[PDB]
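Here you get one chain, nothing else, as structure tokens; it is the form deposited in one PDB entry.
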């Protein structure tokens, strides 16, 4: 008869109450600066939609990052631009500094603030239980902010979180998959990295909301405190749901399906099976116990839920006991 609809249980109407121009990005007009103000120094990394360079602004001699965009639909470029401008200034959101086009190739590029990225190779062994709480809280500062601004990020993952540990500075980057939230809108489920896709993505439930981001955050936290990168190591989109089902159990998954009347792809009909809801203690071992704790496991369990309505919000997460220590130190 159809899927049951869903509404975000926070920030539901934030966008309706704004002027059309806030979220109607398709009609945004963009001011292309001259790429010749910036000279590229070196390639800092590529990806599916872009390549990133360290660059220098020749007018003020300042270090900077230029993100040249591989061809995407014109709407998506305006979308990312509109969203960085609405989010500009917000806590731990990367700052868009300029929007330039190349003179000859006419290909567009966004110019961002430079962040001395701390080497994550040596950062994986000098990570204390406090540092994970501290930097997890910084991510929620940014997630709660953009959720409160009506924007879901949809691509939270390690490669999209930068840390300058020297100065305890964190930045949430790549907003090219982010969208505005609009009650009742149906979204594209083919988003995010495969290991961070939320169950609502894998069962093709299009009416999701900010809580999508909390699942991803739960996948990161789990890989951190258990030192298992990635925590749900599926071999494709279908098996990714099975890898989740082997940890969360099937009983809750089929409950979720019935609650929202989601019709399950028949490809799933013979690979899910019957699996119990495991206990988090299974994943705890000598090399990772120094980060696992009763609070962390409680906080993790309240993030990784099938039903997107029941995951904590970003604001609820900050008020969890897991962060009681970093919240007092910020005083």
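Numbering follows the first chain given and starts at 1. By rigid core we mean the largest C-alpha set that fits within 1.5 Å across both forms.
Novice: Would you determine, from the values in the PDB entry, which of 266 to 274 and 41 to 49 has the greater average C-alpha temperature factor?
Specialist: On average, C-alpha B-factors are higher across 266 to 274.
Novice: Looking at the deposited entry, does 232 to 240 or 122 to 130 carry the larger mean Cα B-factor?
Specialist: Looking at the recorded C-alpha B-factors, 122 to 130 comes out higher on average.
Novice: What's the residue among 164, 138, 85, 213 with the greatest CA temperature factor in the PDB record?
Specialist: In the PDB entry, the greatest C-alpha B-factor among 164, 138, 85, 213 is found at 164.
Novice: Which one, 197, 101, 182, 147, has the peak C-alpha temperature factor per the PDB entry?
Specialist: Of 197, 101, 182, 147, 101 has the highest C-alpha B-factor.
Novice: Select lowest, middle or highest to describe the third in which the CA B-factor of residue 297 falls within its chain in this entry.
Specialist: Middle third - that is where residue 297 ends up once the chain's C-alpha B-factors are sorted.
Novice: Split into thirds by Cα B-factor across the chain's modelled residues, where does residue 319 land: lowest, middle or highest?
Specialist: CA B-factor rank for residue 319: middle third.
Novice: Lowest, middle or highest third: which one holds residue 72 when the chain's residues are ordered by CA B-factor from the entry?
Specialist: It belongs to the highest third of the chain when residues are ordered by C-alpha B-factor.
Novice: For residue 21, return the chain-relative third of its C-alpha B-factor as stated in the PDB record: lowest, middle or highest.
Specialist: For residue 21, whose C-alpha B-factor we compare with every modelled residue in the chain, the answer is the middle third.
Novice: C-alpha B factor of residue 173, ranked within the chain: lowest, middle or highest third?
Specialist: Ranked within chain, residue 173 CA B lands in the lowest tercile.
Below, we turn to the form solved in complex with a partner chain, even though it does not appear here.
Novice: Please determine whether each residue of 129, 165 and 321 possesses a non-hydrogen atom within 4.5 angstroms of the partner chain in the entry with it bound.
Specialist: Verified in the entry with it bound; spot residues all out of contact, no.
Novice: Choose one stretch from 152 to 160, 209 to 217, 129 to 137, 248 to 256: the one whose residues place a heavy atom within 4.5 angstroms of the partner chain in the entry with it bound.
Specialist: Only one stretch qualifies here: 152 to 160.
Novice: I need to confirm a contact call. Of 148, 223, 193, 118, which residue comes within 4.5 Å of the partner chain in the entry with it bound, counting heavy atoms only?
Specialist: That would be 193.
Novice: The partner chain isn't shown here, but in the entry with it bound which of 278, 267, 290, 274 has a heavy atom within 4.5 Å of it?
Specialist: Of the listed residues, the single hit is 267.
Novice: Hey, in the entry with it bound, does residue 113 get a heavy atom within 4.5 angstroms of the partner chain?
Specialist: No, residue 113 is distant from the partner.
Novice: Could you confirm whether residue 76 comes within 4.5 Å of the partner chain in the entry with it bound, counting heavy atoms only?
Specialist: Residue-level check for residue 76: yes, a contact with the partner chain.
Novice: Evaluate residue 46 for contact with the partner chain in the entry with it bound, applying a 4.5 angstroms cut-off between non-hydrogen atoms, and reply yes or no.
Specialist: So residue 46 counts as contacting the partner chain.
Novice: Examine residue 260 and determine whether its closest non-hydrogen atom to the partner chain in the entry with it bound is within 4.5 angstroms.
Specialist: So residue 260 does not count as contacting the partner chain.
Novice: Given a rigid core superposition of the two forms, which one of 274, 278, 285, 267 has its CA shift by 2 angstroms or more between the shown form and the other one?
Specialist: Looking at each option in turn, only one qualifies, and it is 267.
Novice: Do you see a C-alpha shift of 2 Å or more at residue 34 between the shown form and the other one, with the core held fixed?
Specialist: True for residue 34: a C-alpha shift of 2 Å or more.
Novice: So, does residue 119 move by 2 Å or more at the CA between the shown form and the other one, with the core held fixed?
Specialist: Yes, residue 119 moves 2 Å or more.
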